[PDB]
Every structure is written in C-alpha cells, then in structure tokens.
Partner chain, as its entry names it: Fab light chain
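What follows is one chain in structure tokens, specifically the form deposited without the partner chain.
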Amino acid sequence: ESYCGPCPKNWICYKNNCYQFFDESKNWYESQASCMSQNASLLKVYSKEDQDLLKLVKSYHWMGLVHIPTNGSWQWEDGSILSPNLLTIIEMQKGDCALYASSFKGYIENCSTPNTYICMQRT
C-alpha cells in the first residue's frame, strides 16, 4: 500500500495505526482524558513488528498500562491483558501506572506525577 490511514489530520501513520506526542505534561488520568477527547486512547503495545518505530522514541511517556493488585499483573485501559514477552516492566517509582521507554520497556511511575504522553488510534 502506497497509502496509510485512516488518521486524524496532523497525526503520525505507521502500518494503519495513528500516534501523536503531547509535550504539555499531565498525570495519568489527565492524559487518559486528553486521549479520550480525540476518540483516541493512551499507547497500547500489541506487536514488536507492527510498532517497531517505538524503538526510536526518545525519553519516557505515559501509556495505557495500569496495575491490578487483586491478581497482581498489568492490563490496558480498554481491558485486554499484557501479552507476555512484549514489554520488560522495571520497578522505578512506587505506583500503579507505567511510562513507556525504548525499546519495549515499561517503567512503573506514580500515577499523579506529570509526564508527556503518547495517544494511539488502532485498527
């Protein structure tokens, strides 16, 4: 396909996903809401192959991963569980949310700490 879409006007297309990067830092919930206000969600990571561009991302950024201490594992805002062997989760700060960092790492951060965030629209 010479053509990539469909995507919001000034967004990044890579393999029929859309991505935007927001400089203006916000806590985990404020970020979720900013994503929701563009029929979008926080970055979900489902494939090393379809999202290999993510290896080239500088610094760290909120993604839709959230701890569920009842069973003791991670899930996305939409509800699906963490495909094992996708992310390595590193304990950094004490919290129940995770910053994505290159390459396919999640750092655990306190949900209240303002950070940059990445929104994604999927297929």
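Numbering follows the first chain given and starts at 1. What we label the rigid core is the largest C-alpha set whose atoms superpose within 1.5 Å from one form to the other. Residues that one form lacks are left out of the comparison.
The following text describes the form solved in complex with the partner chain, which does not appear among the structures shown.
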{"item": "Contact of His67 with the partner chain in the deposited bound form (heavy atom, 4.5 Å)", "value": "yes"}
{"item": "Touches the partner chain in the deposited bound form: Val45 (any heavy atom, 4.5 Å)", "value": "no"}
{"item": "Contact flag, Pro84 vs the partner chain in the deposited bound form, heavy atom cut 4.5 Å", "value": "yes"}
{"item": "Partner proximity in the deposited bound form: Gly79 to the partner chain, non-hydrogen atom cutoff 4.5 Å", "value": "no"}
{"item": "CA of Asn85, rigid core aligned, shift of 2 Å or more between this form and the one not shown", "value": "no"}
{"item": "After fitting the core, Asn39 CA displacement of 2 Å or more between this form and the one not shown", "value": "no"}
{"item": "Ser73 C-alpha moves between this form and the one not shown by 2 Å or more, core aligned", "value": "yes"}
{"item": "Superposed on the rigid core, segments between this form and the one not shown of at least 3 residues with Cα shifts of 2 Å or more", "value": "68 to 73"}
